[PDB]
Amino acid sequence: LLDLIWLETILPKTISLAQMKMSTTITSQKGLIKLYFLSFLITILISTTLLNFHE
Amino acid sequence: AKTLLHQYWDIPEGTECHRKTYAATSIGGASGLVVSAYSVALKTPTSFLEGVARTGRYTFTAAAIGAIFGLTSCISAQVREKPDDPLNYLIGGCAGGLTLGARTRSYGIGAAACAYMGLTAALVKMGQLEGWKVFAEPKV
Amino acid sequence: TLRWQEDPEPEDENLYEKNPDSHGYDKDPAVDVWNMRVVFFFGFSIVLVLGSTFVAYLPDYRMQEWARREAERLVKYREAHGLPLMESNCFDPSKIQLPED
Amino acid sequence: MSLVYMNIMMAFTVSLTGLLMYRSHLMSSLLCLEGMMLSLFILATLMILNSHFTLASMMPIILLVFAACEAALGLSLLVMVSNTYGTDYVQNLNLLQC
Amino acid sequence: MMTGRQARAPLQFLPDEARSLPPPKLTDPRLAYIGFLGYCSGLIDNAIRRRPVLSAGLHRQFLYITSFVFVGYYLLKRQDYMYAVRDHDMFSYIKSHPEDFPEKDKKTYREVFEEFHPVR
Amino acid sequence: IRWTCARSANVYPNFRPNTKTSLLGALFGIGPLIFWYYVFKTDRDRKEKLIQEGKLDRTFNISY
Amino acid sequence: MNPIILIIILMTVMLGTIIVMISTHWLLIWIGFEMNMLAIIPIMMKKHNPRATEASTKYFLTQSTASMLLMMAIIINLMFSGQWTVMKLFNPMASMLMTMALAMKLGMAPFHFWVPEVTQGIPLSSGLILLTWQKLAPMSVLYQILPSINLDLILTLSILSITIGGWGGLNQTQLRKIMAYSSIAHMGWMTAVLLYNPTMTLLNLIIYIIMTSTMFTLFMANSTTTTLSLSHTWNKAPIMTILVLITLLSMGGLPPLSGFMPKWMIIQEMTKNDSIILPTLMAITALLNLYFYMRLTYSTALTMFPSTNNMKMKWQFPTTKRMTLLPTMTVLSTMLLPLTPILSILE
Amino acid sequence: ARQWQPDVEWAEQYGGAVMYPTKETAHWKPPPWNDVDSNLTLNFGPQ
Amino acid sequence: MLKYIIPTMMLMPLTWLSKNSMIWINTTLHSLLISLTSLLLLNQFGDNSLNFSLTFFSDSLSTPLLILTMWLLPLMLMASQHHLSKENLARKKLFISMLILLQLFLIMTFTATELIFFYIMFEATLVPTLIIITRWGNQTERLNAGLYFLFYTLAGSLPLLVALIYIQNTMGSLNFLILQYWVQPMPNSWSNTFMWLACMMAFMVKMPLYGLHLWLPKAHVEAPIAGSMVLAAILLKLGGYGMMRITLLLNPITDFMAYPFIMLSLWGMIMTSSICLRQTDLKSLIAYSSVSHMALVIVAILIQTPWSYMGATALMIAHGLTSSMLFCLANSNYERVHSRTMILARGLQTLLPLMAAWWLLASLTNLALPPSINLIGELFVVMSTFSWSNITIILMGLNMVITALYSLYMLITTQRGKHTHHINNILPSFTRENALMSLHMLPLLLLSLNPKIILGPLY
Amino acid sequence: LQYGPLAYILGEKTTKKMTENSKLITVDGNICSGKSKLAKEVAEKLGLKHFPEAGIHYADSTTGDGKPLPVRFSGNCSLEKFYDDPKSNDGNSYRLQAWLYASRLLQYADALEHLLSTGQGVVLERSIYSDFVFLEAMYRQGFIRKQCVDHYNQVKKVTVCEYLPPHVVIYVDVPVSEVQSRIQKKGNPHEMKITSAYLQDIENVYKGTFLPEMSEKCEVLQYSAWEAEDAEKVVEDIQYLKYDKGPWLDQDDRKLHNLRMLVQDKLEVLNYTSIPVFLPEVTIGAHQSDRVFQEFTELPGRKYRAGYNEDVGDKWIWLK
Amino acid sequence: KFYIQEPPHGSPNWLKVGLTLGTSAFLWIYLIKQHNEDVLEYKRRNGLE
Ligand SMILES: CCCCCCCCCCCCCCCCCC(=O)OC[C@H](COP(=O)([O-])OCC[N+](C)(C)C)OC(=O)CCCCCCCCCCCCCCCCC
Ligand SMILES: CCCCCCCCCCCCCCCCCC(=O)OC[C@H](COP(=O)([O-])OCC[N+](C)(C)C)OC(=O)CCCCCCCCCCCCCCCCC
Ligand SMILES: Nc1ncnc2c1ncn2[C@@H]1O[C@H](COP(=O)(O)O)[C@@H](O)[C@H]1O
């Protein structure tokens with residue numbers, strides 16, 4: 001119960017599955033350049049307006 | 001967004017409830033708008049209605065996360081009468097984790113989220129108490 | 001239709017048939033004898049007995065025996081002059097500036 | 001500062017939002033790029049002509065010059081697509097994803 | 001951060017002040033290590049081109065050793081020159097500003113208070 | 001070899017965290033730790049409050 | 001490609017980089033950047049393939065957007081300052097526009113959406129030239145204007161770059177996308193320390209260039225662009241497996257290899273400014289980078305994959321390719337730790 | 001008995017387009033190994 | 001320490017320039033010469049450590065560990081010279097070179113005066129063990145054994161290094177001959193709490209602590225036995241050296257913070273003894289016994305009394321020798337039967353009497369039979385833990401039952417009973433095997449006569 | 001080595017060396033068409049030379065001592081066991097065909113290097129454009145499966161796009177009955193098992209799909225069996241042809257320089273032969289691969305490079 | 001005569017190895033001359049003779 005499942009679950013397996021999900025969601029891009037430049041635009045709009053980095 | 005965090009930290013903790021809850025809700029709403037805008041940017045929605053449905057879904061989820069986190073911190077600090085204790089923020093982090101598990105319809109995700117952003121909220125609280133800096137200014 | 005053509009897995013090689021006098025080192029008998037002589041000379045006859053002789057007659061580890069002898073002097077002093085054996089103050093109590101209370 | 005400076009920089013960011021949001025055609029984006037450079041050239045020339053900086057008067061036109069030295073390259077980067085694809089739609093330009 | 005010192009006179013590998021420093025001896029351990037690096041590089045060339053590793057191309061190994069030793073000697077000269085510049089600017093600024101860096105009176109242990117925590 | 005593989009290597013791949021397994025793991029994983037922590041804790045405060053007030057007999061205790 | 005025309009193209013891109021290095025004028029900086037663009041563009045189209053055309057179009061569009069943002073930043077700095085000296089900037093918005101321009105030129109996240117496709121669509125030598133020589137001029141420009149750089153912006157871009165590079169490298173089988181995401185991670189590690197001690201940035205840039213050039217030279221020598229062929233290299237030569245193992249161990253961040261030399265001292269220049277949690281987070285994402293590096297090493301060297309019968313023919317011919325300074329760059333990428341204080345030559 | 005070595009199943013586990021095949025990357029074919037992937041009718045009329 | 005490092009770096013070409021059939025003989029002979037030469041480190045004084053130079057020193061603590069390390073290398077060379085007979089000569093020299101580099105990094109680890117140097121080579125040791133584990137194993141799970149072993153340990157220490165660098169910015173020097181006099185008390189705060197966690201967790205993983213022990217059984221049931229002996233006997237001691245070099249700086253916050261670590265170690269050593277009571281593999285059983293012993297060592301150094309330090313060092317050395325020779329026993333059994341099952345090969349006393357005698361001596365020295373050094377260290381730790389609190393002895397007492405109960409049972413089903421009928425390849429005792437077993441066993445008995453050389457830095 | 005971009009910068013143009021003699025010739029046909037001397041005939045009076053057909057052990061002859069290597073080191077295949085039982089489970093037929101195909105690639109690379117280096121036309125036999133037809137016969141007897149043909153098409157598609165077709169191609173037309181009688185009077189006992197459907201499918205795919213693609217990119221002269229023994233008519237057909245068909249006219253100095261740079265590095269030619277497409281017929285086990293590689297290492301003249309072996313009689317290695 | 005052809009590296013190119021030996025000798029001679037110039041200029045610049 002303890003040595004083979006739960007201690008094997010809390011530290012390594014949750015971290016491994018979290019990185020699994022994150023790396024799956026990050027690199028599922030379609031390769032379109034319109035979406036890439038839209039991402040660049042919303043990045044610029046977030047940095048200029050919401051964050052207010054020119055203070 | 002430099003004023004939302006400061007207005008969150010401009011009020012003493014565990015003293016008044018609804019203003020702190022709404023400040024955390026506004027921070028969650030800004031984060032939800034940012035992540036939903038990125039999600040509709042890199043991933044093409046199939047339609048305008050489905051895209052605004054996704055935007056509203058992420059906004060509602062993050063707003064509920066922030067509102068429940070701020071609320072649970074407020075009643076925890078009021079009941080224990082300890083403003084300088086990060087255990088209230090750990091309890092609020094588990095409340096947010098249960099909220100994330102409820103809105104995402106999962107349980108192991110809920111427990112992992114309990115642990116993870118409870119530790120994150122505790123790290124935020126002793127960062128405020130001990131004066132840690134995420135972005136340290138250059139000295140030497 | 002056989003996948004990934006590989007030689008059959010070799011059996012457990014036995015050492016006592018081609019050489020019944022083998023000591024488990026190699027196949028050449030001279031190599032086995034030289035390896036056996038080298039390990040039994042430089043492991044037992046060289047490190048064990050000489051190391052035991054070295055650590056048996058090691059020159060007064062941590063001056064432990066010396067820790068007797070000076071102590072054998074010291075009480076011999078203070079049992080002849082009425083001094084106490086040891087004192088509760090490790091250092092001189094008159095050479096310390098006590099902080100204010 | 002002034003008023004025409006505001007108009008020119010607003011034209012620049014309008015053309016930037018035009019470029020940064022595509023509409024399924026490469027050469028239209030090239031036209032928006034040359035519009036952004038037009039706003040840059042107009043702003044630089046007006047800034048110099050207000051400040052009486054004579055010796056820097058080479059910089060606008062040369063800036064203009066170098067823009068054409070890349071703009072034709074963009075045109076040279078169009079027909080090659082037309083030498084592989086029938087048209088020049090950017091939604092057809094998604095081969096590099098594996 | 002030494003760029004100001006390399007502000008007036010640029011692109012100088014060894015300036016005029018670098019000649020007043022003791023040069024590294026040829027028996028410096030760092031120079032021997034860099035020579036060993038060159039010998040290992042020659043061994044890697046003997047290995048990757050399917051040649052004998054310890055006999056083929058002694059001219060190549062000697063060239064590698066000589067080039068490595070040459071560039072290592074010059075880089076070590078630049079290194080100790082820069083460190084001497086660092087310490088000299090250090091001592092110049094610590095002579096120059098005594099108001100912002102005062103002296104300390106090292107107290108004895110007969111009066112400084114310490115708290116003893118028992119281990120039990 | 002089938003039994004030795006089923007004893008260890010075939011526990012996690014056919015494990016699904018439900019109420020029973022998580023409840024048993026929480027009961028047998030953090031319970032005795034908390035119990036021993038509290039027992040040893042209150043023993044430590046009792047021993048310390050006995051020894052600072054001089055009530056604990058430490059006449060001959062010089063080896064520690 | 002004509003050898004004389006190729007030599008002229010290479011002299012053009014090195015001349016553009018040198019012009020960016022040596023100029024004390026913003027217009028000459030932009031001219032050198034334009035020459036760099038216009039000379040690197042045909043390097044990618046040496047093979048005349050549709051993948052190369054797609055990569056060239058993406059690169060040209062992104063670098064053109066960066067160049068126009070750089071020009072707007074230069075004009076704003078001129079209008080608020082009245083001169084052209086390459087020094088600290090006199091406006092926060094000009095600093096914003098130049099930082100976005102340099103981030104777009106470098107490929108730092110979230111502007112990382114062009115580096116992996118551009119690296120994948122081009123051959124190995126063009127990828128070497130890109131990922132090495134395009135990371136010198138923007139680093140020089142950031143070295144020049146570091147008084148005016150906003151701290152929060154560059155630190156956020158750095159941590160986003162390292163996290164995004166690690167998470168991207170966790171899920172790619174192609175070698176070139178692995179190289180691109182590793183380059184993003186090294187970019188974030190290198191630009192996080194820019195405001196505290198730029199000599200650390202230069203040292204990490206030099207070590208990253210040496211290691212990346214070593215790895216691309218090994219890939220060119222083995223003529224492999226896939227993980228499976230890289231595993232199949234064990235039958236052709238064992239020495240190639242030994243060098244790929246030691247080099248990919250070096251870029252992981254393990255002692256006593258040279259790749260532990262920069263990153264550790266990055267912490268040595270960030271704990272002095274009392275920044276504690278940021279090097280810890282970047283070390284954790286460096287462990288993620290080490291994880292995908294470890295998976296790749298398991299693929300190529302530590303386990304010998306099954307081969308085919310054709311490679312026996314390749315046993316009858318030695319490698320006649322030209323490995324440009326391969327042992328020297330491998331040695332510098334592996335055993336540079338005992339010469340750690342040599343970074344003082346970069347002051 | 002001897003050391004285990006990778007078989008064709010391990011090597012084809014490493015042979016995918018992406019490391020972890022998700023719901024989207026199912027039609028992503030691997031790239032090629034060698035890195036290689038209406039004339040106008042005019043009527044000259046009578047007029 | 002140049003009189004032992006230069007012999008290792010000069011034996012490196014000797015194993016590279018040796019003939020095709022005299023690699024083992026030359027390496028064993030010259031390593032035994034280095035082992036005899038290493039006895040000169042015992043020039044110890046009751047007040048001052050033998051400080052050789054600026055960056056090398058060796059007190060009464062690290063000298064037995066060094067002697068164990070360069071006595072352990074020839075035993076590993078003999079224990080790994082059977083199955084590598086069919087391996088290619090270049091890869092044989094690669095394996096021997098990996099072992100030599102591991103010894104060199106280990107001896108440079110224990111004598112590093114600066115803590116940064118100690119850390120740098122303490123995880124320069126990580127590369128050769130990872131290479132040996134992943135390459136020269138015998139199962140598929142060795143690939144997984146290269147992950148859990150690595151990504152645990154580094155994840156404990158990449159914080160720690162930062163903390164060490166912080167001390168370089170706080171004290172001004174991380175030298176251990178300086179920090180014995182420049183040490184300041186640690187106040188009670190969250191920042192000092194996280195500094196203590198960062199300075200503790202790396203060697204807590206490397207012991208391993210219970211909960212973080214999952215890398216130990218997964219990296220032992222598949223290793224080549226040279227790797228198994230270096231992992232069990234000397235590689236786990238880096239945590240102990242980390243304790244006895246780091247705990248000087250972490251006072252007095254360690255006293256009122258190490259409560260959950262001690263609770264975890266005690267109840268996890270109870271759990272791992274119970275897991276030893278129900279195991280099916282020899283290697284996993286020995287690994288879990290090692291987990292129990294290192295949890296005991298964790299408690300011993302965490303309570304920080306002088307008697308506990310004596311017991312911790314003695315238990316460390318004795319457990320290293322005992323676990324190495326137990327792994328030699330398990331390797332002989334796996335060589336003869338080509339499996340790791342305990343219940344498969346039974347009743348070997350009817351066929352192999354001398355291996356039965358070595359089994360009996362191993363089991364007797366495992367359960368701390370007096371007057372062996374294992375009993376000396378275990379008894380000293382028992383008395384120190386009784387001095388920490390009374391009730392702890394109950395939490396010891398059950399373990400001292402259980403640590404006997406499997407220690408004979410692991411013997412009995414492997415040695416006593418009706419022998420398996422369908423197994424007939426049980427060869428008699430090779431002289432190399434029994435020579436290795438006696439070379440493991442005789443120093444363990446000899447050190448009982450003169451224990452004062454292995455009783456820590458404060459005897 | 002001997003050639004590179006510096007030589008092309010120095011002025012080494014390959015179009016200087018190819019005169020009207022430099023015509024690349026290959027002769028191909030049925031199994032026993034009688035072309036075995038005929039191509040050599042084109043060698044012995046046109047100022048050319050003709051290497052023999054790419055066999056199993058051609059690479060063993062062109063490198064090293066020239067003594068053909070054993071089966072274990074090179075090929076691991078047998079034409080005779082293929083002739084006895086072509087439906088074997090281990091896929092010996094596909095292994096033999098793939099080794100022959102790689103041998104043909106190496107042979108064509110060597111011939112093209114000779115043509116681009118000396119300006120001399122080279123006579124060949126069954127060039128790389130005319131091997132797949134044999135595999136088509138292999139598909140029409142049930143001898144191999146679909147996946148192996150897919151692998152062969154992938155290999156050919158990735159290795160043939162960088163090359164050029166020859167100048168002229170000579171075909172000898174022999175009927176199936178005549179070549180069958182010739183095979184029966186050959187007298188070799190290991191080739192008494194050829195089926196008639198083998199040669200029928202060879203000729204069917206030979207005339208059906210090979211002619212309507214080879215006739216455009218090169219020049220093909222369809223001869224006959226009785227006139228194949230007439231050398232004078234063939235050579236008079238050779239000298240009086242118009243060289244206007246194919247890509248042999250739109251090839252400047254830089255294209256042939258790139259071709260020579262690709263060709264003279266043999267591992268560049270053979271890089272795509274062993275693509276990582278996993279097939280049960282071709283995949284060799286890792287233990288067997290290591291054992292065979294170590295066995296090939298200890299062969300004389302193969303432990304090191306071609307001029308760095310002290311066991312074969314090389315001097316001044318320490319100065320080389 | 002073992003190999004069927006003449007390998008390009010089967011004969012010692014005396015010009016290449018002569019140039020390598022001359023370059024190594026020149027580098028060594030320049031190194032010792034530079035070291036001597038540095039050491040006596042150091043003793044001149046401080047008068048520590
Ligand atoms: C050390 C850390 C790493 C561990 C691995 C080390 C590897 C290298 C090993 C090198 C060789 C060994 C070195 C250590 C040797 C230790 C032993 C040694 O030399 O001790 C010195 C000690 C020295 O004795 P001493 O310390 O009392 O002497 C004081 C010193 N002088 C003489 C100068 C005043 O030797 C003895 O104690 C020997 C006593 C006599 C011999 C034994 C007689 C009785 C035998 C048994 C009879 C039957 C009894 C009943 C049995 C019932 C059934 C069980
Ligand atoms: C095995 C996996 C788990 C490993 C756990 C390791 C221990 C857990 C804590 C490690 C924290 C990181 C090192 C901190 C070193 C601090 C040294 C110091 O003096 O600090 C005082 C300083 C105090 O700040 P200061 O010193 O700058 O301020 C000046 C002093 N005062 C306060 C008076 C003004 O502490 C900090 O700055 C913050 C310390 C806490 C850091 C929290 C973030 C990290 C959280 C843990 C992450 C662990 C890895 C997780 C992932 C593992 C891989 C998957
Ligand atoms: N790819 C191939 N598949 C089957 N047989 C071949 C192949 N290539 C050549 N051969 C045989 O090689 C021989 C050619 O030599 P020759 O008889 O001199 O023309 C004939 O027996 C052919 O059938």
# chains A, B, ... in the order shown; residues from 1 in each chain; ligands from 1
call {"tool": "closest_atom_pairs", "arguments": {"of": "chain A", "to": "chain B", "cutoff": "8 Å", "atoms": "only C-alpha atoms", "output": "CSV"}}
result
residue,atom,partner,partner_atom,distance
A:14,CA,B:112,CA,7.6
A:29,CA,B:42,CA,6.7
A:30,CA,B:43,CA,7.8
A:35,CA,B:42,CA,5.5
A:36,CA,B:42,CA,6.6
A:38,CA,B:41,CA,6.0
A:39,CA,B:41,CA,5.4
A:42,CA,B:37,CA,7.4
A:46,CA,B:34,CA,7.7
A:50,CA,B:1,CA,5.3
A:51,CA,B:1,CA,5.3
A:52,CA,B:2,CA,7.4
call {"tool": "write_last_selection", "arguments": {"atoms": "N, CA, C and O atoms", "output": "PDB file, in the first residue's frame"}}
result
ATOM      1  N   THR A  14       3.133  12.295  -9.897  1.00  0.00           N
ATOM      2  CA  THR A  14       2.367  13.521 -10.099  1.00  0.00           C
ATOM      3  C   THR A  14       3.178  14.551 -10.874  1.00  0.00           C
ATOM      4  O   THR A  14       2.653  15.211 -11.778  1.00  0.00           O
ATOM      5  N   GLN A  29       1.099  22.952 -31.477  1.00  0.00           N
ATOM      6  CA  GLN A  29       0.859  24.059 -32.388  1.00  0.00           C
ATOM      7  C   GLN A  29       0.619  23.554 -33.806  1.00  0.00           C
ATOM      8  O   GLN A  29       1.173  22.535 -34.229  1.00  0.00           O
ATOM      9  N   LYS A  30      -0.216  24.284 -34.542  1.00  0.00           N
ATOM     10  CA  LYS A  30      -0.608  23.883 -35.886  1.00  0.00           C
ATOM     11  C   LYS A  30       0.341  24.380 -36.969  1.00  0.00           C
ATOM     12  O   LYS A  30       0.236  23.927 -38.113  1.00  0.00           O
ATOM     13  N   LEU A  35      -1.840  32.680 -36.609  1.00  0.00           N
ATOM     14  CA  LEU A  35      -1.982  32.466 -35.173  1.00  0.00           C
ATOM     15  C   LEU A  35      -0.741  32.921 -34.417  1.00  0.00           C
ATOM     16  O   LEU A  35      -0.846  33.474 -33.316  1.00  0.00           O
ATOM     17  N   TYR A  36       0.444  32.700 -34.994  1.00  0.00           N
ATOM     18  CA  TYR A  36       1.683  33.114 -34.341  1.00  0.00           C
ATOM     19  C   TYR A  36       1.766  34.630 -34.221  1.00  0.00           C
ATOM     20  O   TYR A  36       2.138  35.162 -33.168  1.00  0.00           O
ATOM     21  N   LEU A  38      -0.834  36.673 -34.314  1.00  0.00           N
ATOM     22  CA  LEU A  38      -1.869  37.053 -33.357  1.00  0.00           C
ATOM     23  C   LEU A  38      -1.381  36.892 -31.924  1.00  0.00           C
ATOM     24  O   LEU A  38      -1.678  37.736 -31.069  1.00  0.00           O
ATOM     25  N   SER A  39      -0.626  35.822 -31.653  1.00  0.00           N
ATOM     26  CA  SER A  39      -0.023  35.630 -30.337  1.00  0.00           C
ATOM     27  C   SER A  39       0.975  36.735 -30.019  1.00  0.00           C
ATOM     28  O   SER A  39       1.032  37.222 -28.883  1.00  0.00           O
ATOM     29  N   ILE A  42      -1.123  39.840 -29.073  1.00  0.00           N
ATOM     30  CA  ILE A  42      -1.760  39.864 -27.755  1.00  0.00           C
ATOM     31  C   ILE A  42      -0.674  39.928 -26.678  1.00  0.00           C
ATOM     32  O   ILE A  42      -0.873  40.538 -25.621  1.00  0.00           O
ATOM     33  N   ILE A  46      -0.639  42.831 -23.929  1.00  0.00           N
ATOM     34  CA  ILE A  46      -0.581  42.534 -22.501  1.00  0.00           C
ATOM     35  C   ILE A  46       0.584  43.270 -21.851  1.00  0.00           C
ATOM     36  O   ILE A  46       0.437  43.863 -20.774  1.00  0.00           O
ATOM     37  N   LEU A  50      -1.665  45.918 -19.660  1.00  0.00           N
ATOM     38  CA  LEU A  50      -1.959  45.315 -18.363  1.00  0.00           C
ATOM     39  C   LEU A  50      -0.772  45.419 -17.413  1.00  0.00           C
ATOM     40  O   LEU A  50      -0.925  45.831 -16.258  1.00  0.00           O
ATOM     41  N   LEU A  51       0.420  45.053 -17.882  1.00  0.00           N
ATOM     42  CA  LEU A  51       1.584  45.041 -17.003  1.00  0.00           C
ATOM     43  C   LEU A  51       2.113  46.441 -16.724  1.00  0.00           C
ATOM     44  O   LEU A  51       2.664  46.676 -15.641  1.00  0.00           O
ATOM     45  N   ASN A  52       1.941  47.366 -17.673  1.00  0.00           N
ATOM     46  CA  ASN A  52       2.433  48.745 -17.594  1.00  0.00           C
ATOM     47  C   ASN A  52       3.938  48.775 -17.327  1.00  0.00           C
ATOM     48  O   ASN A  52       4.410  49.247 -16.292  1.00  0.00           O
TER      49      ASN A  52
END
call {"tool": "residues_around", "arguments": {"residues": "residue G:55", "least_positions_apart": "5", "cutoff": "9 Å", "atoms": "only C-alpha atoms", "output": "PyMOL selection string"}}
result
(chain D and resi 96) or (chain G and resi 44+50+60+114+117-122)
call {"tool": "residues_near_ligand", "arguments": {"ligand": "ligand 2", "cutoff": "7 Å", "atoms": "only C-alpha atoms and all ligand atoms", "output": "MDAnalysis selection string"}}
result
(chainID A and resid 15) or (chainID B and resid 123 130:132) or (chainID G and resid 274:277 280 284) or (chainID I and resid 152:153 155:156 159:160 162:163 166 191:192 194:195 197:198 201 205)
call {"tool": "write_last_selection", "arguments": {"atoms": "N, CA and C atoms", "output": "short mmCIF file (atom, residue, chain, number, x, y, z; two decimals), in the first residue's frame"}}
result
data_model
loop_
_atom_site.label_atom_id
_atom_site.label_comp_id
_atom_site.auth_asym_id
_atom_site.auth_seq_id
_atom_site.Cartn_x
_atom_site.Cartn_y
_atom_site.Cartn_z
N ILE A 15 4.47 14.68 -10.55
CA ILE A 15 5.35 15.59 -11.27
C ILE A 15 5.51 15.15 -12.72
N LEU B 123 4.27 30.15 0.40
CA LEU B 123 5.49 30.81 -0.05
C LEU B 123 5.26 32.29 -0.28
N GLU B 130 8.89 37.90 5.33
CA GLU B 130 10.34 37.99 5.40
C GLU B 130 10.93 38.93 4.37
N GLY B 131 10.10 39.52 3.51
CA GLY B 131 10.58 40.46 2.51
C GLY B 131 11.45 39.87 1.42
N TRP B 132 11.08 38.70 0.90
CA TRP B 132 11.78 38.16 -0.25
C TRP B 132 11.40 38.93 -1.51
N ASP G 274 20.91 39.06 -3.70
CA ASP G 274 19.85 38.52 -2.84
C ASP G 274 18.62 38.09 -3.64
N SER G 275 18.85 37.47 -4.79
CA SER G 275 17.81 36.82 -5.57
C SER G 275 18.00 35.32 -5.41
N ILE G 276 17.12 34.68 -4.64
CA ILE G 276 17.31 33.30 -4.20
C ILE G 276 16.37 32.35 -4.92
N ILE G 277 15.08 32.70 -5.02
CA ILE G 277 14.12 31.75 -5.57
C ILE G 277 14.22 31.66 -7.09
N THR G 280 16.82 29.09 -8.18
CA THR G 280 16.28 27.77 -7.86
C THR G 280 15.26 27.31 -8.91
N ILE G 284 15.60 24.20 -11.54
CA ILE G 284 14.59 23.15 -11.72
C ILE G 284 14.27 22.96 -13.20
N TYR I 152 16.22 12.15 -8.37
CA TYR I 152 16.08 12.39 -6.94
C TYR I 152 17.23 13.25 -6.44
N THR I 153 18.46 12.74 -6.59
CA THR I 153 19.63 13.29 -5.89
C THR I 153 19.90 14.73 -6.30
N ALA I 155 17.76 16.78 -7.55
CA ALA I 155 16.66 17.60 -7.06
C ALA I 155 16.79 17.92 -5.58
N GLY I 156 17.60 17.16 -4.84
CA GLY I 156 17.87 17.53 -3.47
C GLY I 156 18.97 18.56 -3.32
N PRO I 159 18.92 23.07 -4.99
CA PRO I 159 18.79 24.08 -3.93
C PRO I 159 20.03 24.23 -3.07
N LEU I 160 20.61 23.11 -2.63
CA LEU I 160 21.69 23.10 -1.63
C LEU I 160 22.88 23.93 -2.09
N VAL I 162 22.95 26.47 -4.09
CA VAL I 162 22.60 27.88 -3.95
C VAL I 162 22.80 28.32 -2.50
N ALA I 163 22.33 27.50 -1.56
CA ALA I 163 22.51 27.79 -0.14
C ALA I 163 23.99 27.87 0.21
N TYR I 166 25.24 31.03 -0.93
CA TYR I 166 24.78 32.08 -0.03
C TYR I 166 25.70 32.21 1.17
N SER I 191 13.26 32.07 6.86
CA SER I 191 14.41 32.05 5.97
C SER I 191 15.45 31.03 6.43
N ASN I 192 15.74 31.01 7.73
CA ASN I 192 16.65 30.00 8.27
C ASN I 192 16.05 28.61 8.20
N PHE I 194 14.13 27.53 5.68
CA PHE I 194 14.34 27.07 4.32
C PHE I 194 15.82 26.85 4.01
N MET I 195 16.71 27.61 4.65
CA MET I 195 18.13 27.33 4.51
C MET I 195 18.49 25.98 5.10
N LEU I 197 16.37 23.44 5.40
CA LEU I 197 15.79 22.45 4.49
C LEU I 197 16.67 22.24 3.26
N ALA I 198 17.18 23.32 2.68
CA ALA I 198 18.03 23.21 1.50
C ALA I 198 19.36 22.54 1.83
N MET I 201 18.25 18.51 2.69
CA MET I 201 17.47 17.59 1.87
C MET I 201 18.32 16.81 0.87
N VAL I 205 18.13 12.84 0.85
CA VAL I 205 17.87 11.99 -0.30
C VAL I 205 18.99 10.96 -0.48
#
call {"tool": "residues_near_ligand", "arguments": {"ligand": "ligand 1", "cutoff": "9 Å", "atoms": "only C-alpha atoms and all ligand atoms", "output": "MDAnalysis selection string"}}
result
(chainID C and resid 44 46:60) or (chainID I and resid 35:36 38:39 63:72 317:318 321 439:440 442:454)
